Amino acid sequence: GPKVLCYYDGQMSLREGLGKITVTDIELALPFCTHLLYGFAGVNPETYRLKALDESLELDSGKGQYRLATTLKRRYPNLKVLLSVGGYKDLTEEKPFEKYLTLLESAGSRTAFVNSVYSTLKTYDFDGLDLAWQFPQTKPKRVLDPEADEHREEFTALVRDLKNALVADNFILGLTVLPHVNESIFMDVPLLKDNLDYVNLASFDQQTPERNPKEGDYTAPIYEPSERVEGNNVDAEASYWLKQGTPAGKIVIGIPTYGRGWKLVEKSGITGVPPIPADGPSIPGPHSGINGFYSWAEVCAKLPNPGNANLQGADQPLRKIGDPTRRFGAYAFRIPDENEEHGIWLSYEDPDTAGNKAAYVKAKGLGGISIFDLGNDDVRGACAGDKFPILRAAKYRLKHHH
């Protein structure tokens, strides 16, 4: 059956107010998921063993959230609970990818990591590992790894080692290719595929305020928008893996549940059409405090709704631009006023466009979807009354014809 890999970022239980999303809060999502990917573990740069990113939260000596997550497998029949390592959330050094490269460089360091994965899965009763490896990201338009060729071969060996250590206990091992990770530099697909239960293509964040502060564009297109960066769309990345010989059933497509916003200025123009000049991220989400980053509930609150129908200023509803091609995605915007104020351009996933991605997976015979992430879906049903609308629309279109 098709996979639905649902990420829960445990950091969200640390948030304040309506930003706090706990394990309990995401339980209503679990009937729609085949796997719960608990995010995120990291790597100790001195021992190369797995580490929790917040020990006080995750470990038995603290709040024990690892075990709260794995207990879910005893209340939701057939649900598999994996631990995801990396995800670009392991951010404790100035170059957060460096330890993900040096780990690969010796049998001793690879073995330390493998042994620490096995011990961690057993200790906390995880069902397997999602390898969301923090390779360096390709630089934004305007050398990535001088030892890329060495590291590519060492990564094949690491994945082989993990598989051989995990197989006796039937632990799941999957690979997640994070945004802007170039597989043709770092990954030997024909020598990886046989050791992986899935390959999850996190084909989103194609444009972001952090990488492209001066230009807004579609964050998660299915196909290539005209004259964009070749490869940076779902169809291109899935086809890359297929053309390397990967079984279609092993390929899973990542779907974001969030939006990213850019501040608009005078040089942005007045049409809202991308790519659009900008000046960094827009205002932080009301419930998270993260600049230019919005959960689906936060995006939907900015779109035309009865509460803000005739509101003005920072509250004036955004203009939605639907995508009739269904190839590129939705965006919404407010042109800056005559004082260059309150301008925002927001590219986001919604239930309809997430459904389009799941329907693409079904039509192409791929293996499933992943959801990045449950807590950025509309957990509480604030947008339209229905909880987990993005997840539910994607799951529905993954299995039901249009």
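Note that residue numbering begins at 1 and tracks the sequence as displayed.
ask   = Looking only at CA atoms, which has the higher mean B factor in the entry: 33-41 or 49-57?
value = Looking at the record's C-alpha B-factors, the answer is 49-57.
request  = Pick between 282-290 and 91-99: the one whose mean CA B-factor in the entry is higher.
outcome  = Higher mean C-alpha B-factor: 282-290.
message = If I read the C-alpha B-factors straight from the PDB entry, which of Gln244, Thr271, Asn195, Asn212 is highest?
response = Comparing C-alpha B-factors across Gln244, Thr271, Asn195, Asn212, the top value belongs to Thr271.
message = In terms of recorded Cα temperature factor, pick the maximum from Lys302, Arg327, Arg74, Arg228.
response = That would be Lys302.
ask   = By its CA B factor, does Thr156 count among the lowest, middle or highest third of the modelled residues in the chain?
value = Middle third of the chain for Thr156's C-alpha B-factor.
ask   = Compared with the other modelled residues in the chain, in which third is the CA B-factor of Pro275?
value = Middle third, going by the recorded CA B-factors of the chain.
request  = Name the third of the chain's ranked CA B-factors that contains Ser203, choosing lowest, middle or highest.
outcome  = Answer is lowest: the recorded C-alpha B-factor places it there.
task = Name the third of the chain's ranked CA B-factors that contains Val252, choosing lowest, middle or highest.
result = It falls in the bottom third of the chain.
key: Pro179 - Cα temperature factor, lowest/middle/highest third of chain   = Tercile = lowest for this residue's CA B-factor.
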